[PDB]
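The data block below is work-v1.pdb; it holds PDB, C-alpha atoms.
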```
ATOM      1  CA  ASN N 395       0.000   0.000   0.000  1.00  0.00           C
ATOM      2  CA  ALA N 396       1.019   3.582  -0.781  1.00  0.00           C
ATOM      3  CA  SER N 397      -1.528   4.390  -3.434  1.00  0.00           C
ATOM      4  CA  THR N 398      -4.527   5.842  -1.406  1.00  0.00           C
ATOM      5  CA  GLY N 399      -6.738   7.348  -4.095  1.00  0.00           C
ATOM      6  CA  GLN N 400      -4.247   7.852  -6.893  1.00  0.00           C
ATOM      7  CA  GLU N 401      -3.806   4.758  -8.959  1.00  0.00           C
ATOM      8  CA  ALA N 402      -2.969   6.636 -12.119  1.00  0.00           C
ATOM      9  CA  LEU N 403       0.404   7.151 -10.669  1.00  0.00           C
ATOM     10  CA  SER N 404       3.052   8.355 -13.056  1.00  0.00           C
ATOM     11  CA  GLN N 405       6.670   8.799 -12.065  1.00  0.00           C
ATOM     12  CA  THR N 406       8.928  11.630 -13.132  1.00  0.00           C
ATOM     13  CA  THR N 407      12.558  11.084 -12.459  1.00  0.00           C
ATOM     14  CA  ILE N 408      13.673  14.680 -12.489  1.00  0.00           C
ATOM     15  CA  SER N 409      17.301  15.445 -12.045  1.00  0.00           C
ATOM     16  CA  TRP N 410      19.187  18.661 -11.370  1.00  0.00           C
ATOM     17  CA  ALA N 411      22.623  19.920 -10.966  1.00  0.00           C
ATOM     18  CA  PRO N 412      24.263  19.886  -7.577  1.00  0.00           C
ATOM     19  CA  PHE N 413      23.739  23.157  -5.822  1.00  0.00           C
ATOM     20  CA  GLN N 414      25.961  22.129  -2.860  1.00  0.00           C
ATOM     21  CA  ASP N 415      25.307  21.260   0.672  1.00  0.00           C
ATOM     22  CA  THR N 416      21.602  21.877   0.489  1.00  0.00           C
ATOM     23  CA  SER N 417      19.636  21.029   3.619  1.00  0.00           C
ATOM     24  CA  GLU N 418      16.568  20.170   1.528  1.00  0.00           C
ATOM     25  CA  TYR N 419      15.554  20.225  -2.129  1.00  0.00           C
ATOM     26  CA  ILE N 420      11.849  20.919  -2.088  1.00  0.00           C
ATOM     27  CA  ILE N 421      10.400  20.187  -5.467  1.00  0.00           C
ATOM     28  CA  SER N 422       7.205  21.987  -6.245  1.00  0.00           C
ATOM     29  CA  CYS N 423       4.951  20.335  -8.769  1.00  0.00           C
ATOM     30  CA  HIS N 424       2.307  22.963  -9.517  1.00  0.00           C
ATOM     31  CA  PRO N 425      -0.642  21.472 -11.399  1.00  0.00           C
ATOM     32  CA  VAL N 426      -1.918  23.468 -14.284  1.00  0.00           C
ATOM     33  CA  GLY N 427      -5.466  23.045 -15.573  1.00  0.00           C
ATOM     34  CA  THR N 428      -6.703  21.282 -12.467  1.00  0.00           C
ATOM     35  CA  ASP N 429      -7.438  22.492  -8.986  1.00  0.00           C
ATOM     36  CA  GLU N 430      -4.788  20.132  -7.661  1.00  0.00           C
ATOM     37  CA  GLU N 431      -2.508  21.450  -5.034  1.00  0.00           C
ATOM     38  CA  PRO N 432       1.249  21.618  -5.581  1.00  0.00           C
ATOM     39  CA  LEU N 433       2.893  18.331  -4.832  1.00  0.00           C
ATOM     40  CA  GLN N 434       5.883  19.186  -2.780  1.00  0.00           C
ATOM     41  CA  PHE N 435       8.614  16.642  -2.609  1.00  0.00           C
ATOM     42  CA  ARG N 436      11.390  16.964  -0.089  1.00  0.00           C
ATOM     43  CA  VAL N 437      14.491  15.054  -1.081  1.00  0.00           C
ATOM     44  CA  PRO N 438      17.791  14.877   0.791  1.00  0.00           C
ATOM     45  CA  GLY N 439      19.941  17.982   0.409  1.00  0.00           C
ATOM     46  CA  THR N 440      22.786  16.082  -1.206  1.00  0.00           C
ATOM     47  CA  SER N 441      20.555  14.258  -3.732  1.00  0.00           C
ATOM     48  CA  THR N 442      20.566  15.619  -7.269  1.00  0.00           C
ATOM     49  CA  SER N 443      17.812  13.455  -8.770  1.00  0.00           C
ATOM     50  CA  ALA N 444      14.378  12.227  -7.695  1.00  0.00           C
ATOM     51  CA  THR N 445      11.804   9.896  -8.990  1.00  0.00           C
ATOM     52  CA  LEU N 446       8.556  11.684  -8.457  1.00  0.00           C
ATOM     53  CA  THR N 447       5.632   9.327  -7.978  1.00  0.00           C
ATOM     54  CA  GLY N 448       2.024  10.441  -7.884  1.00  0.00           C
ATOM     55  CA  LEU N 449       1.894  12.875 -10.754  1.00  0.00           C
ATOM     56  CA  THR N 450      -1.498  12.403 -12.338  1.00  0.00           C
ATOM     57  CA  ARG N 451      -1.014  11.691 -15.970  1.00  0.00           C
ATOM     58  CA  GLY N 452      -2.930  13.996 -18.185  1.00  0.00           C
ATOM     59  CA  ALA N 453      -2.274  16.902 -15.863  1.00  0.00           C
ATOM     60  CA  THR N 454       0.255  19.562 -16.445  1.00  0.00           C
ATOM     61  CA  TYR N 455       2.742  20.028 -13.628  1.00  0.00           C
ATOM     62  CA  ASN N 456       5.065  23.010 -13.426  1.00  0.00           C
ATOM     63  CA  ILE N 457       7.903  21.332 -11.656  1.00  0.00           C
ATOM     64  CA  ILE N 458      10.175  23.603  -9.668  1.00  0.00           C
ATOM     65  CA  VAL N 459      13.146  22.692  -7.500  1.00  0.00           C
ATOM     66  CA  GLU N 460      14.148  25.004  -4.687  1.00  0.00           C
ATOM     67  CA  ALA N 461      17.110  24.493  -2.395  1.00  0.00           C
ATOM     68  CA  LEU N 462      16.517  24.873   1.289  1.00  0.00           C
ATOM     69  CA  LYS N 463      19.809  26.433   2.294  1.00  0.00           C
ATOM     70  CA  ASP N 464      20.335  28.964   5.106  1.00  0.00           C
ATOM     71  CA  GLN N 465      16.591  28.941   5.928  1.00  0.00           C
ATOM     72  CA  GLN N 466      15.741  29.967   2.333  1.00  0.00           C
ATOM     73  CA  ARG N 467      14.738  28.152  -0.815  1.00  0.00           C
ATOM     74  CA  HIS N 468      16.798  29.002  -3.891  1.00  0.00           C
ATOM     75  CA  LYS N 469      15.563  28.339  -7.503  1.00  0.00           C
ATOM     76  CA  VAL N 470      17.583  25.434  -8.836  1.00  0.00           C
ATOM     77  CA  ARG N 471      15.318  24.052 -11.500  1.00  0.00           C
ATOM     78  CA  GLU N 472      12.004  24.878 -13.104  1.00  0.00           C
ATOM     79  CA  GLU N 473      10.179  23.166 -15.923  1.00  0.00           C
ATOM     80  CA  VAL N 474       6.655  22.653 -17.066  1.00  0.00           C
ATOM     81  CA  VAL N 475       5.761  19.061 -17.802  1.00  0.00           C
ATOM     82  CA  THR N 476       2.533  17.564 -18.804  1.00  0.00           C
ATOM     83  CA  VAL N 477       2.453  13.963 -17.732  1.00  0.00           C
ATOM     84  CA  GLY N 478       1.373  10.970 -19.787  1.00  0.00           C
ATOM     85  CA  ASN N 479       2.236  11.097 -23.518  1.00  0.00           C
ATOM     86  CA  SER N 480       1.567  14.588 -24.676  1.00  0.00           C
TER      87      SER N 480
END
```
What does the file become when written as structure tokens?
Amino acid sequence: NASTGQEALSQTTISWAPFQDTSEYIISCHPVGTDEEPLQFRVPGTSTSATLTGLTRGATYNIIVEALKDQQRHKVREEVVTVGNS
């Protein structure tokens, strides 16, 4: 178990370039078109790539990656990606 309502679970392995000694890379998947709330993924501050599960295919997600470093979150990566095949 893990799926709890979303079984149309697509995975986006998004990778970024090492920003250095980040405490947290919060990835912000902002859904476009829907009223879905931004899926925020917190990956380890040394990680430079993350498989993002739970992106609903058919929905556009503006995927942003911000580095939690000295209390703040710095833009590392930003890209709009519609999920599925389109």
Problem - Who sits within 12 Å of residue 418 (chain N), all atoms listed in the file, same chain under 3 positions skipped, as a ChimeraX atom specification - result: /N:412-415,421,434-442,459-468,470
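Counting from CA of residue 432 (chain N), the distance to CA of residue 474 (chain N) is 12.7 Å.
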Residues selected by the PyMOL selection byres ((chain N and resi 402) around 12), written as a CSV table (one decimal) with C-alpha atoms, in the frame of the given file:
```csv
chain,number,residue,atom,x,y,z
N,397,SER,CA,-1.5,4.4,-3.4
N,398,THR,CA,-4.5,5.8,-1.4
N,399,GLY,CA,-6.7,7.3,-4.1
N,400,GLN,CA,-4.2,7.9,-6.9
N,401,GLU,CA,-3.8,4.8,-9.0
N,403,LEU,CA,0.4,7.2,-10.7
N,404,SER,CA,3.1,8.4,-13.1
N,405,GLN,CA,6.7,8.8,-12.1
N,447,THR,CA,5.6,9.3,-8.0
N,448,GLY,CA,2.0,10.4,-7.9
N,449,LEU,CA,1.9,12.9,-10.8
N,450,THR,CA,-1.5,12.4,-12.3
N,451,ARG,CA,-1.0,11.7,-16.0
N,452,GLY,CA,-2.9,14.0,-18.2
N,453,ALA,CA,-2.3,16.9,-15.9
N,477,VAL,CA,2.5,14.0,-17.7
N,478,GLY,CA,1.4,11.0,-19.8
```
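Considering the residues N:472, N:419, N:425, N:479 and counting all atoms listed in the file, residue 454 (chain N) has its shortest atom-to-atom contact with N:425.
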Exercise for the section: Find the residues with any atom within 6 Å of (17.9, 15.1, -9.4); use only C-alpha atoms and the coordinates as given in the file, and write the answer as an MDAnalysis selection string. Expected result: chainID N and resid 408:410 442:444
Practice task
Please work out which residues fall within 7 Å of (0.9, 22.8, -10.7), coordinates as given in the file, with all atoms listed in the file counting, and return them as number ranges by chain.
Solution key: N: 423-426, 430-432, 454-456
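With CA of residue 407 (chain N) on one side and CA of residue 429 (chain N) on the other, the separation reads 23.3 Å.
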Practice task
Record the distance separating CA of residue 411 (chain N) and CA of residue 476 (chain N), expressed in Å with one decimal.
Solution key: 21.7 Å
Handout entry: Which of N:469, N:445, N:458, N:475 sits closest to residue 422 (chain N) [using all atoms listed in the file]
Key = N:458
Using only the atoms of region 405-423 of chain N listed in the file, plus 6 Å on each side, state the axis-aligned box centre and edge lengths in Å rounded to one decimal, as JSON.
```
{"center_x": 15.5, "center_y": 16.0, "center_z": -4.8, "size_x": 33.0, "size_y": 26.4, "size_z": 28.8}
```
